[PDB]
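Below is one structure, written out as structure tokens; the observations come after it.
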Amino acid sequence: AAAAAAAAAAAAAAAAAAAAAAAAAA
Amino acid sequence: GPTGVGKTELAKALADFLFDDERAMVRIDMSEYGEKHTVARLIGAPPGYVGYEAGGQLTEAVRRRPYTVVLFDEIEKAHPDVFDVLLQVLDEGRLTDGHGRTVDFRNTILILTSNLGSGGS
Amino acid sequence: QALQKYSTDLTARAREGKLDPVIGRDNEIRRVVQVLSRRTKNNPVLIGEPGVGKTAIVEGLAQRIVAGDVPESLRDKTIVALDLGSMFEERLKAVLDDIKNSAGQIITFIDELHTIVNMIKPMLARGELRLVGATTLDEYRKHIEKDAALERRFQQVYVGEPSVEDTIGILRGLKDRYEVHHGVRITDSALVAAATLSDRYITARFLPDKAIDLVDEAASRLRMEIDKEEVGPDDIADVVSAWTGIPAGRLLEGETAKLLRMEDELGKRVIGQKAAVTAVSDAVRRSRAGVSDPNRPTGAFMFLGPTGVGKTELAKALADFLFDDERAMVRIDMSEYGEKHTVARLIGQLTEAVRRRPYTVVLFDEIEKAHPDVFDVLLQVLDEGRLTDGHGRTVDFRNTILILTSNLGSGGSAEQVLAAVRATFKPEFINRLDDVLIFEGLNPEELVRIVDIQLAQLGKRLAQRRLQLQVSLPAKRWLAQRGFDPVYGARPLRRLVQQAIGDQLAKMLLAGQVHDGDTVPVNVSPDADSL
Amino acid sequence: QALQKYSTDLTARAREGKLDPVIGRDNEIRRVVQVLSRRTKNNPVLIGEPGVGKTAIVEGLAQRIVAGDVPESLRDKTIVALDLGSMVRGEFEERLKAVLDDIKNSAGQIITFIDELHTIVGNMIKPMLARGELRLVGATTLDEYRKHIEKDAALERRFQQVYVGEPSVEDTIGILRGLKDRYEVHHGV
Amino acid sequence: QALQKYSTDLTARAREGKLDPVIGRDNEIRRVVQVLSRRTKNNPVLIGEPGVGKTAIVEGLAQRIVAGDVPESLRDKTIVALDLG
Ligand SMILES: Nc1ncnc2c1ncn2[C@@H]1O[C@H](COP(=O)(O)OP(=O)(O)OP(O)(O)=S)[C@@H](O)[C@H]1O
Ligand SMILES: Nc1ncnc2c1ncn2[C@@H]1O[C@H](COP(=O)(O)OP(=O)(O)OP(O)(O)=S)[C@@H](O)[C@H]1O
Ligand SMILES: Nc1ncnc2c1ncn2[C@@H]1O[C@H](COP(=O)(O)OP(=O)(O)OP(O)(O)=S)[C@@H](O)[C@H]1O
Ligand SMILES: Nc1ncnc2c1ncn2[C@@H]1O[C@H](COP(=O)(O)OP(=O)(O)O)[C@@H](O)[C@H]1O
Ligand SMILES: Nc1ncnc2c1ncn2[C@@H]1O[C@H](COP(=O)(O)OP(=O)(O)O)[C@@H](O)[C@H]1O
């Protein structure tokens, strides 16, 4: 005679980043 | 010698006999090295300039696969800042690239070609 | 003995004899008996395709087992398949219980073991069972390519479809199975040509079971069309050609129908390129007749030409002719493709575009924007399998054609153009395509029909409000002065059509007076042409 | 007694002959035993290419213990190995914390082992690490050592590098003629 | 009963004798202690370069508290090392 009580959740996945690396052009 | 004779066909006839491949030779062209500034474009000198990501046009083929056969298509036009760089190969089997590595050439094969042979045998 | 209600058996079935006639796969059993008889690195895994008959491989293995030819380490081995559709581990204590008392004599055989990986791994590394299994290569990776704690006790054996001749001649044991409904005599000529006519729905399917799938769907379509006690090869041909078929489209050999002409739609859309017409007709005649090679795309050429010759229009002129749809081509705008980070985004973009459509000719126009890592990807396409990708679900490029239309050497006539062309092919782009052609630009004889197409386009634009045009040949050659210019191309012609006619027509049309139903004639002037 | 369930015991399998010989290589054991009797910056990590015998180094160490050759500080101390393949967000940390139960409850010098420790990493073990009750013997490969435990290290001062490159061919001939009769066991010709 | 299963106790760990015989650094000890007993915002941070003993200062503070060589309002103050792992 018990119940179910559907529990919640939390999600996470981060992001990246890029770098440009200029070239001195000579 | 002349053209169309079987001139590079001799190289691939021995690129599979001893080096077991058809994709063993790496040919280049020395019909672009007639200017004094584009001489180092084959090896790519500094860290920080235009050619660093692309790497050396000669060295990046031998850093991996150290068993190739190089072919110099029409050597007889290039500027004589190549010839000392060609000579120091067969002085000691090493050539310092642009990154800073030391690449061994002591078990490869060099082939220089030219298209004279019109009149005189 | 409590595993009968949790698992089947393979010891009483073969002694009864309810077994299929197993044909072939003798080297597979040769590998299995060998690898299973090892001290270390034993108990392998059979990797094939979904729907091969690895099940039946194990069945014929048990048939040779109950026959008796086996070495010492295979003393009849009483093998047992476990039920996959009966499970959490509150029974699996008792499932592995009858494996504990075994002496390696009730070796089991699980299917699709990538769902098993905490419970069975100490029993695996102890030496009382072997647990041969069978997964698929892509799912053999994703679960158990990054988990090397137990990638030592499994050895892949790649199995594929049989050859075409053995797969056709294995259908002599098929003469009873599916046909229970209304019984037409599936003819031997229909049988030997049925699996031959296989790639006329799709070629993305496989040989062995899909032959029977085409046979079953064809018998279904046959006996729901005729509701004859026989079949025919032409009848099964246009019966299989019912679903993906226009009115069945391109039935038999068919080069005589659409492929010999090949330029009535092309030459009327793009004017010129006559040597290209003859050469590309010959090239499709030798390439897309299957008389080129094994698994290449087999369509691989190049020609050249500067701006305005119609390098984009000539490619699209054959898009609606080769496979007769607007979705029958693919090109790339490689402006974001310059370094070794742009490589990491299409290997994807093109892959799902070929996975959805195994249907497309590929178009690589220019080369000066091509980062050189893309070429070594493309060199693996030709003669070195199809291509790989990130996950592993590869797509074979069976109906694709590689086209290069670049203006590399536009100043060179014969020597300098091919000298610049040969230098920009890093390895192996020369002798693995075929011959290179030259553009035939803007010429006075081949200039009229361009103006015909543009004026038909403008009449399409004006026919909605019921106005149409009458264009004479003196005006049509008056435009030929500022329409020739064979450097930049025919684009100022297309602009001046809307310049000279367009502003006068636009000025007249908004202020009334050019009421609907009227026609408009052209009237030549040396600089304008008023109406 | 309660948590000796989701791991294995290399020391218990010593008195059954389950492990192979270790023929050759009587130097890396001396290096590891010299490390493993120190005071600080103990618990070394074997670094080498895959398929060399890092596992064989651990097993020969176990056989040399159960015969009895090591010094008295390491005498009669059993060695457990631990698992990584059946581990995997969440619930890896809790399974880790449940594993640390009998590790704390042992209250001795029961030496653990981890294969491929670069996969696990960082902040959940260091207050337990810098106290002196566990002996984290590991096994990795050099550019995975560079990848994980040089980037996300933050505790790099508490490991060691015992380099095991590879045996040459002439040693391998003596090894394989030493490791000979084990395949006279199974087939035997 | 919360901070006995998520935390150790360096004071009771010092009554046994499981710490180090710390020597020196008289200035930084009082630099910590005179900050730790101000009115508000009373929490220091031991910033240094790695390996110079940023832990031995706190263990020396623990031994100075247990021994009895502190100022007035630091009598029997039971320092606790928490964690977040
Ligand atoms: N031989 C030709 N047959 C039909 N249309 C042509 C021909 N030559 C040029 N055109 C037209 O001229 C215009 C040029 O458009 P494009 O096809 O883009 O030309 P292009 O050769 O691709 O040069 P770009 O690089 O695209 S500007 C289009 O309207 C073409 O239809
Ligand atoms: N000195 C040795 N004496 C006897 N067997 C050895 C020796 N060195 C290596 N082996 C054998 O080499 C094989 C390698 O087994 P493992 O040591 O488990 O492989 P590994 O070198 O540990 O690399 P991993 O951990 O599997 S990625 C085993 O069969 C060992 O018995
Ligand atoms: N005054 C001191 N008296 C006794 N031992 C000291 C003293 N100063 C430093 N040490 C020793 O130096 C070492 C310092 O260890 P820790 O302070 O824990 O590491 P750390 O110096 O804080 O560097 P990190 O960032 O924590 S790895 C220990 O071995 C201490 O015993
Ligand atoms: N002696 C030869 N043996 C075999 N093939 C040859 C020979 N000479 C020319 N060929 C043909 O020419 C091509 C290679 O010519 P190549 O050696 O490149 O001439 P060259 O190097 O003088 O330009 C091959 O594709 C082959 O078809
Ligand atoms: N060599 C063969 N001998 C007999 N039947 C085969 C053979 N190869 C394929 N089959 C057919 O395929 C079926 C077995 O396929 P199956 O092993 O279930 O495919 P998969 O293992 O890929 O799911 C059988 O019903 C059988 O008729």
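The chains in the structure tokens are called A, B, ... from first to last as shown; in each chain the residues are counted from 1, and the ligands are counted from 1 in the order shown.
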
- Task: Check every protein, DNA and RNA residue against ligand 5, keep those with an atom at most 6 Å away (counting only C-alpha atoms and all ligand atoms), and present them as a VMD selection string.
- Result: chain C and resid 20 to 24 49 to 56 209

- Task: Could you pull out the residues sitting within 9 Å of ligand 2, using only C-alpha atoms and all ligand atoms, and write them as a PyMOL selection string?
- Result: (chain C and resi 40+148-149+152) or (chain D and resi 19-25+48-60+115-116+139-141+166-167+172+175-176+178-179)

I need the chosen residues saved as an mmCIF file, in the first residue's frame, with N, CA and C atoms.
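To be explicit, this is the file written out as selection_39.cif:
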```cif
data_model
loop_
_atom_site.group_PDB
_atom_site.id
_atom_site.type_symbol
_atom_site.label_atom_id
_atom_site.label_comp_id
_atom_site.auth_asym_id
_atom_site.auth_seq_id
_atom_site.Cartn_x
_atom_site.Cartn_y
_atom_site.Cartn_z
ATOM 1 N N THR C 40 45.373 -19.210 -23.644
ATOM 2 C CA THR C 40 44.952 -17.837 -23.432
ATOM 3 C C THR C 40 44.418 -17.287 -24.744
ATOM 4 N N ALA C 148 39.134 -1.422 -21.457
ATOM 5 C CA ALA C 148 40.126 -2.454 -21.730
ATOM 6 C C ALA C 148 40.398 -3.360 -20.532
ATOM 7 N N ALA C 149 39.496 -3.389 -19.548
ATOM 8 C CA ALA C 149 39.654 -4.319 -18.437
ATOM 9 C C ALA C 149 39.387 -5.753 -18.870
ATOM 10 N N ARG C 152 40.771 -8.231 -23.488
ATOM 11 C CA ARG C 152 41.786 -9.238 -23.735
ATOM 12 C C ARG C 152 41.184 -10.604 -24.014
ATOM 13 N N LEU D 19 49.230 -17.995 -11.034
ATOM 14 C CA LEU D 19 49.989 -16.946 -11.690
ATOM 15 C C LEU D 19 51.218 -17.521 -12.379
ATOM 16 N N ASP D 20 51.616 -16.866 -13.459
ATOM 17 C CA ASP D 20 52.740 -17.290 -14.276
ATOM 18 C C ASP D 20 54.061 -16.978 -13.580
ATOM 19 N N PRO D 21 55.171 -17.545 -14.053
ATOM 20 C CA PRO D 21 56.483 -17.059 -13.613
ATOM 21 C C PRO D 21 56.776 -15.661 -14.143
ATOM 22 N N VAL D 22 57.944 -15.159 -13.758
ATOM 23 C CA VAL D 22 58.251 -13.744 -13.916
ATOM 24 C C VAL D 22 59.634 -13.594 -14.554
ATOM 25 N N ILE D 23 60.052 -14.633 -15.297
ATOM 26 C CA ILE D 23 61.455 -14.954 -15.597
ATOM 27 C C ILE D 23 62.199 -13.776 -16.213
ATOM 28 N N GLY D 24 63.343 -13.440 -15.621
ATOM 29 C CA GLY D 24 64.011 -12.188 -15.904
ATOM 30 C C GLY D 24 63.537 -11.109 -14.953
ATOM 31 N N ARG D 25 64.067 -9.897 -15.169
ATOM 32 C CA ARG D 25 63.616 -8.660 -14.516
ATOM 33 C C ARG D 25 63.694 -8.744 -12.988
ATOM 34 N N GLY D 48 54.803 2.477 -18.465
ATOM 35 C CA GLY D 48 55.349 1.761 -19.598
ATOM 36 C C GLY D 48 54.265 1.491 -20.614
ATOM 37 N N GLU D 49 54.712 1.037 -21.780
ATOM 38 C CA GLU D 49 53.840 0.746 -22.901
ATOM 39 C C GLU D 49 52.944 -0.450 -22.586
ATOM 40 N N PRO D 50 51.788 -0.560 -23.243
ATOM 41 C CA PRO D 50 50.914 -1.705 -22.973
ATOM 42 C C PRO D 50 51.471 -2.989 -23.557
ATOM 43 N N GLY D 51 51.322 -4.067 -22.799
ATOM 44 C CA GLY D 51 51.805 -5.361 -23.223
ATOM 45 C C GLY D 51 53.283 -5.543 -22.964
ATOM 46 N N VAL D 52 53.731 -5.225 -21.750
ATOM 47 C CA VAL D 52 55.122 -5.394 -21.362
ATOM 48 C C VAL D 52 55.270 -6.349 -20.182
ATOM 49 N N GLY D 53 54.387 -6.257 -19.195
ATOM 50 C CA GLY D 53 54.547 -7.063 -18.004
ATOM 51 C C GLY D 53 54.511 -6.286 -16.706
ATOM 52 N N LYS D 54 53.821 -5.145 -16.723
ATOM 53 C CA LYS D 54 53.516 -4.414 -15.496
ATOM 54 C C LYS D 54 52.734 -5.287 -14.522
ATOM 55 N N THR D 55 51.694 -5.949 -15.035
ATOM 56 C CA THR D 55 50.962 -6.955 -14.277
ATOM 57 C C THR D 55 51.886 -8.070 -13.813
ATOM 58 N N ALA D 56 52.836 -8.465 -14.664
ATOM 59 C CA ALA D 56 53.803 -9.482 -14.277
ATOM 60 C C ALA D 56 54.737 -8.986 -13.185
ATOM 61 N N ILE D 57 55.046 -7.686 -13.163
ATOM 62 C CA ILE D 57 55.841 -7.124 -12.072
ATOM 63 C C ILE D 57 55.087 -7.219 -10.756
ATOM 64 N N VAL D 58 53.793 -6.878 -10.775
ATOM 65 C CA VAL D 58 52.971 -6.978 -9.566
ATOM 66 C C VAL D 58 52.855 -8.432 -9.101
ATOM 67 N N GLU D 59 52.693 -9.360 -10.044
ATOM 68 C CA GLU D 59 52.503 -10.762 -9.686
ATOM 69 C C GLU D 59 53.795 -11.401 -9.191
ATOM 70 N N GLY D 60 54.930 -11.047 -9.792
ATOM 71 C CA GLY D 60 56.199 -11.528 -9.285
ATOM 72 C C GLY D 60 56.529 -10.948 -7.929
ATOM 73 N N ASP D 115 44.673 -0.422 -11.990
ATOM 74 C CA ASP D 115 45.054 -0.365 -13.389
ATOM 75 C C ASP D 115 44.412 0.851 -14.046
ATOM 76 N N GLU D 116 45.210 1.571 -14.842
ATOM 77 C CA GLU D 116 44.810 2.746 -15.626
ATOM 78 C C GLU D 116 44.246 3.851 -14.726
ATOM 79 N N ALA D 139 49.432 1.712 -12.451
ATOM 80 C CA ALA D 139 49.983 1.274 -13.734
ATOM 81 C C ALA D 139 49.387 2.126 -14.840
ATOM 82 N N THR D 140 50.228 2.830 -15.595
ATOM 83 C CA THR D 140 49.760 3.680 -16.690
ATOM 84 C C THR D 140 50.701 3.554 -17.880
ATOM 85 N N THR D 141 50.536 4.477 -18.821
ATOM 86 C CA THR D 141 51.343 4.577 -20.024
ATOM 87 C C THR D 141 51.690 6.053 -20.186
ATOM 88 N N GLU D 166 60.980 -1.980 -22.225
ATOM 89 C CA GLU D 166 60.726 -3.233 -22.932
ATOM 90 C C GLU D 166 61.967 -4.113 -22.872
ATOM 91 N N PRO D 167 61.805 -5.432 -22.847
ATOM 92 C CA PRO D 167 62.964 -6.324 -22.934
ATOM 93 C C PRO D 167 63.390 -6.481 -24.379
ATOM 94 N N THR D 172 64.288 -11.869 -24.675
ATOM 95 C CA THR D 172 62.984 -12.455 -24.962
ATOM 96 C C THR D 172 63.113 -13.915 -25.376
ATOM 97 N N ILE D 175 63.428 -15.726 -22.186
ATOM 98 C CA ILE D 175 62.107 -15.693 -21.558
ATOM 99 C C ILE D 175 61.202 -16.760 -22.155
ATOM 100 N N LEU D 176 61.155 -16.834 -23.482
ATOM 101 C CA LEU D 176 60.211 -17.734 -24.123
ATOM 102 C C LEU D 176 60.669 -19.180 -24.023
ATOM 103 N N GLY D 178 62.142 -20.078 -21.341
ATOM 104 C CA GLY D 178 61.756 -20.287 -19.961
ATOM 105 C C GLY D 178 60.260 -20.477 -19.835
ATOM 106 N N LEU D 179 59.493 -19.667 -20.562
ATOM 107 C CA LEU D 179 58.036 -19.803 -20.594
ATOM 108 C C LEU D 179 57.681 -20.752 -21.738
#
```

- Which residues, written as a PyMOL selection string, have at least one atom at most 9 Å from residue 79 in chain B, with only C-alpha atoms counted and residues fewer than 6 positions away on the same chain left out? chain B and resi 33-36+39

I need the residues from that last selection saved to file as a JSON list (two decimals), in the first residue's frame (with N, CA and C atoms), if you can.
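So the final result, stored in out_39.json, reads:
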```json
[["chain", "number", "residue", "atom", "x", "y", "z"],
["B", 33, "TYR", "N", 61.63, 27.44, -57.28],
["B", 33, "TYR", "CA", 62.64, 27.97, -56.37],
["B", 33, "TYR", "C", 63.64, 28.80, -57.17],
["B", 34, "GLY", "N", 63.11, 29.84, -57.81],
["B", 34, "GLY", "CA", 63.92, 30.70, -58.64],
["B", 34, "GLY", "C", 64.01, 32.09, -58.06],
["B", 35, "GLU", "N", 63.43, 32.27, -56.88],
["B", 35, "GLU", "CA", 63.47, 33.53, -56.17],
["B", 35, "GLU", "C", 64.13, 33.31, -54.82],
["B", 36, "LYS", "N", 64.87, 34.33, -54.38],
["B", 36, "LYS", "CA", 65.74, 34.18, -53.21],
["B", 36, "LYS", "C", 64.97, 34.19, -51.90],
["B", 39, "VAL", "N", 63.12, 30.31, -50.98],
["B", 39, "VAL", "CA", 64.01, 29.16, -50.86],
["B", 39, "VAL", "C", 63.71, 28.38, -49.60]]
```

What residues have any atom no more than 10 Å from ligand 1 when counting only C-alpha atoms and all ligand atoms, and can you list them as a short mmCIF file (atom, residue, chain, number, x, y, z; two decimals) with N, CA and C atoms, in the first residue's frame?
```cif
data_model
loop_
_atom_site.label_atom_id
_atom_site.label_comp_id
_atom_site.auth_asym_id
_atom_site.auth_seq_id
_atom_site.Cartn_x
_atom_site.Cartn_y
_atom_site.Cartn_z
N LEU C 266 21.02 18.57 -72.40
CA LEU C 266 22.24 19.26 -71.99
C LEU C 266 22.61 20.37 -72.98
N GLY C 267 22.72 20.02 -74.26
CA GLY C 267 23.15 20.99 -75.26
C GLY C 267 22.15 22.10 -75.48
N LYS C 268 20.87 21.84 -75.19
CA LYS C 268 19.87 22.89 -75.27
C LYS C 268 19.87 23.78 -74.03
N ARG C 269 20.44 23.30 -72.92
CA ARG C 269 20.57 24.10 -71.71
C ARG C 269 21.90 24.84 -71.64
N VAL C 270 23.00 24.17 -71.98
CA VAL C 270 24.31 24.80 -72.07
C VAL C 270 24.81 24.64 -73.49
N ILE C 271 25.14 25.75 -74.13
CA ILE C 271 25.49 25.79 -75.55
C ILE C 271 27.00 25.84 -75.67
N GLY C 272 27.56 24.94 -76.46
CA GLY C 272 29.00 24.78 -76.58
C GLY C 272 29.45 23.47 -75.96
N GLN C 273 30.75 23.42 -75.66
CA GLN C 273 31.41 22.30 -74.97
C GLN C 273 31.23 20.99 -75.73
N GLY C 305 37.83 26.34 -67.16
CA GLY C 305 37.13 27.47 -67.71
C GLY C 305 37.02 28.65 -66.76
N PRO C 306 37.17 29.88 -67.29
CA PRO C 306 37.05 31.08 -66.45
C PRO C 306 35.61 31.46 -66.15
N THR C 307 35.41 32.64 -65.57
CA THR C 307 34.07 33.09 -65.19
C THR C 307 33.19 33.33 -66.40
N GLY C 308 31.89 33.13 -66.21
CA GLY C 308 30.90 33.40 -67.23
C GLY C 308 30.73 32.33 -68.28
N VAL C 309 31.59 31.31 -68.30
CA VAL C 309 31.43 30.21 -69.23
C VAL C 309 30.24 29.35 -68.84
N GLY C 310 29.84 29.39 -67.57
CA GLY C 310 28.72 28.60 -67.12
C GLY C 310 29.19 27.33 -66.45
N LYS C 311 30.11 27.47 -65.51
CA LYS C 311 30.59 26.30 -64.78
C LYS C 311 29.58 25.84 -63.73
N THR C 312 28.76 26.75 -63.20
CA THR C 312 27.71 26.35 -62.28
C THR C 312 26.48 25.84 -63.02
N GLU C 313 26.19 26.44 -64.17
CA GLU C 313 25.00 26.07 -64.94
C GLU C 313 25.18 24.71 -65.61
N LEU C 314 26.39 24.40 -66.07
CA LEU C 314 26.64 23.12 -66.73
C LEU C 314 26.56 21.95 -65.77
N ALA C 315 26.87 22.19 -64.50
CA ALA C 315 26.72 21.13 -63.50
C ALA C 315 25.25 20.88 -63.18
N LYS C 316 24.46 21.95 -63.06
CA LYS C 316 23.05 21.81 -62.75
C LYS C 316 22.22 21.36 -63.95
N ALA C 317 22.75 21.51 -65.16
CA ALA C 317 22.08 21.05 -66.37
C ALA C 317 21.99 19.54 -66.45
N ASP C 365 34.13 22.49 -57.12
CA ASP C 365 34.43 23.43 -58.20
C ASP C 365 35.88 23.90 -58.17
N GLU C 366 36.27 24.62 -57.13
CA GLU C 366 37.59 25.23 -57.08
C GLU C 366 38.48 24.50 -56.09
N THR C 405 35.67 21.48 -61.66
CA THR C 405 35.58 22.53 -62.68
C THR C 405 36.27 23.78 -62.14
N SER C 406 37.58 23.85 -62.32
CA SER C 406 38.38 24.92 -61.74
C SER C 406 39.10 25.69 -62.84
N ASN C 407 39.24 26.99 -62.62
CA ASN C 407 39.94 27.89 -63.54
C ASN C 407 41.42 28.03 -63.19
N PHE C 439 37.67 24.61 -71.92
CA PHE C 439 36.43 25.35 -72.13
C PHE C 439 36.35 25.86 -73.56
N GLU C 440 35.13 26.13 -74.00
CA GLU C 440 34.85 26.73 -75.30
C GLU C 440 33.91 27.90 -75.06
N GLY C 441 34.48 29.09 -74.91
CA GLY C 441 33.79 30.22 -74.32
C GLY C 441 32.79 30.90 -75.23
N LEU C 442 32.61 32.20 -74.99
CA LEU C 442 31.59 32.98 -75.67
C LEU C 442 32.01 33.25 -77.11
N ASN C 443 31.25 32.69 -78.06
CA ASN C 443 31.44 32.66 -79.50
C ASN C 443 30.21 33.23 -80.21
N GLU C 446 27.39 30.52 -81.07
CA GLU C 446 26.82 29.91 -79.88
C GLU C 446 26.30 30.93 -78.88
N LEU C 447 25.83 32.08 -79.37
CA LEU C 447 25.35 33.17 -78.53
C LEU C 447 23.84 33.36 -78.60
N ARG C 449 21.17 31.12 -78.65
CA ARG C 449 20.29 30.28 -77.85
C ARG C 449 20.35 30.65 -76.37
N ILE C 450 21.44 31.27 -75.93
CA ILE C 450 21.51 31.85 -74.59
C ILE C 450 20.45 32.95 -74.44
N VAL C 451 20.37 33.83 -75.44
CA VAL C 451 19.37 34.89 -75.45
C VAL C 451 17.97 34.30 -75.56
N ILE C 453 17.04 31.39 -74.18
CA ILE C 453 16.72 30.90 -72.84
C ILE C 453 16.39 32.05 -71.90
N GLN C 454 17.13 33.16 -72.01
CA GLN C 454 16.86 34.30 -71.14
C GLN C 454 15.53 34.97 -71.47
N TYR C 488 35.15 38.16 -68.95
CA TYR C 488 34.34 38.13 -67.74
C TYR C 488 33.15 37.19 -67.90
N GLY C 489 32.48 37.24 -69.04
CA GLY C 489 31.44 36.28 -69.36
C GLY C 489 30.12 36.94 -69.71
N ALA C 490 29.09 36.09 -69.79
CA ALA C 490 27.78 36.47 -70.28
C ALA C 490 26.88 37.08 -69.22
N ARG C 491 27.43 37.42 -68.07
CA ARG C 491 26.65 38.03 -67.00
C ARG C 491 26.24 39.49 -67.24
N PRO C 492 27.05 40.36 -67.87
CA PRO C 492 26.50 41.68 -68.25
C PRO C 492 25.42 41.61 -69.30
N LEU C 493 25.37 40.55 -70.11
CA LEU C 493 24.23 40.33 -70.99
C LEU C 493 22.95 40.13 -70.18
N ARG C 494 23.03 39.27 -69.16
CA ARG C 494 21.88 38.99 -68.30
C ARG C 494 21.49 40.22 -67.50
N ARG C 495 22.46 41.06 -67.16
CA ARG C 495 22.11 42.32 -66.52
C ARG C 495 21.44 43.28 -67.49
#
```

Select from chain B every residue with an atom at most 12 Å from any atom of chain C, then for each give the shortest pair of atoms and their distance in Å to one decimal, using only C-alpha atoms, rows by chain and rising number, as CSV.
```
residue,atom,partner,partner_atom,distance
B:22,CA,C:428,CA,10.9
B:23,CA,C:427,CA,8.8
B:24,CA,C:427,CA,11.0
B:25,CA,C:427,CA,10.0
B:26,CA,C:427,CA,8.4
B:27,CA,C:427,CA,9.0
B:28,CA,C:423,CA,9.0
B:29,CA,C:423,CA,7.8
B:30,CA,C:423,CA,10.7
B:31,CA,C:423,CA,9.8
B:32,CA,C:423,CA,10.2
B:53,CA,C:339,CA,8.9
B:54,CA,C:372,CA,9.3
B:57,CA,C:426,CA,11.1
B:61,CA,C:427,CA,11.5
B:73,CA,C:423,CA,10.9
```

- Message: Residues of chain A within 6 Å of chain B, counting only C-alpha atoms - could you list those as number ranges by chain?
- Response: A: 23-25

- Message: Show me which residues line ligand 4, defined as having an atom within 12 Å of a ligand atom where only C-alpha atoms and all ligand atoms count, and present them as a VMD selection string.
- Response: (chain B and resid 1 to 13 27 71 to 74 111 to 117) or (chain C and resid 419 422 430 to 432)

- Task: Please give me, as a ChimeraX atom specification, the residues lying within 10 Å of ligand 3 when counting only C-alpha atoms and all ligand atoms.
- Result: /D:39-41,130,154-158 /E:19-26,46-60

So that I have them on file, write out the residues from the current selection with C-alpha atoms, as a compact mmCIF listing (two decimals), in the first residue's frame.
```txt
# COMPACT_ATOMS: atom_id res chain seq x y z
CA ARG D 39 58.24 7.69 4.74
CA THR D 40 56.94 10.35 2.34
CA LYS D 41 56.34 10.41 -1.43
CA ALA D 130 48.07 12.39 2.51
CA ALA D 154 47.03 19.09 -8.35
CA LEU D 155 48.61 16.35 -6.14
CA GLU D 156 51.51 15.33 -8.41
CA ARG D 157 54.05 15.45 -5.54
CA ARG D 158 52.81 12.10 -4.21
CA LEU E 19 51.76 15.38 14.01
CA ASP E 20 55.11 16.88 13.27
CA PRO E 21 57.66 18.61 15.50
CA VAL E 22 57.24 22.03 13.87
CA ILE E 23 60.09 24.55 14.17
CA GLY E 24 60.16 28.23 13.34
CA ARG E 25 58.15 30.94 11.58
CA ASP E 26 57.33 33.14 14.54
CA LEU E 46 47.93 31.12 3.51
CA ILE E 47 49.05 32.15 0.04
CA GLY E 48 52.39 30.75 -1.05
CA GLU E 49 54.27 28.91 -3.67
CA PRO E 50 54.10 25.08 -3.61
CA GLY E 51 56.20 23.22 -1.07
CA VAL E 52 57.07 25.87 1.51
CA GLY E 53 54.99 24.46 4.35
CA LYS E 54 51.54 26.00 4.15
CA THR E 55 50.20 23.08 6.22
CA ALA E 56 52.83 23.04 8.96
CA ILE E 57 51.74 26.54 10.01
CA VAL E 58 48.26 25.24 10.81
CA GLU E 59 49.65 22.17 12.56
CA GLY E 60 51.86 24.48 14.60
```

Sort by chain and increasing residue number a table of all residues of chain A within 12 Å of chain D, each with its closest pair of atoms and their distance in Å to one decimal, counting only C-alpha atoms, and write it as JSON lines.
```
{"residue": "A:9", "atom": "CA", "partner": "D:89", "partner_atom": "CA", "distance": 11.1}
{"residue": "A:10", "atom": "CA", "partner": "D:89", "partner_atom": "CA", "distance": 9.9}
{"residue": "A:11", "atom": "CA", "partner": "D:89", "partner_atom": "CA", "distance": 8.6}
{"residue": "A:12", "atom": "CA", "partner": "D:89", "partner_atom": "CA", "distance": 8.8}
{"residue": "A:13", "atom": "CA", "partner": "D:89", "partner_atom": "CA", "distance": 10.0}
```

Okay, now the selection with C-alpha atoms, as a short mmCIF file (atom, residue, chain, number, x, y, z; two decimals), in the first residue's frame?
```
data_model
loop_
_atom_site.label_atom_id
_atom_site.label_comp_id
_atom_site.auth_asym_id
_atom_site.auth_seq_id
_atom_site.Cartn_x
_atom_site.Cartn_y
_atom_site.Cartn_z
CA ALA A 9 16.95 15.24 -11.68
CA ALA A 10 19.60 17.79 -12.70
CA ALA A 11 21.76 17.85 -15.83
CA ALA A 12 25.04 19.54 -16.74
CA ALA A 13 27.52 19.59 -19.64
#
```

- Might you pull out every residue within 8 Å of range 27-36 of chain E, with only C-alpha atoms counted and same-chain residues fewer than 6 positions away left off, and present them as a ChimeraX atom specification? /E:42-44,57,61
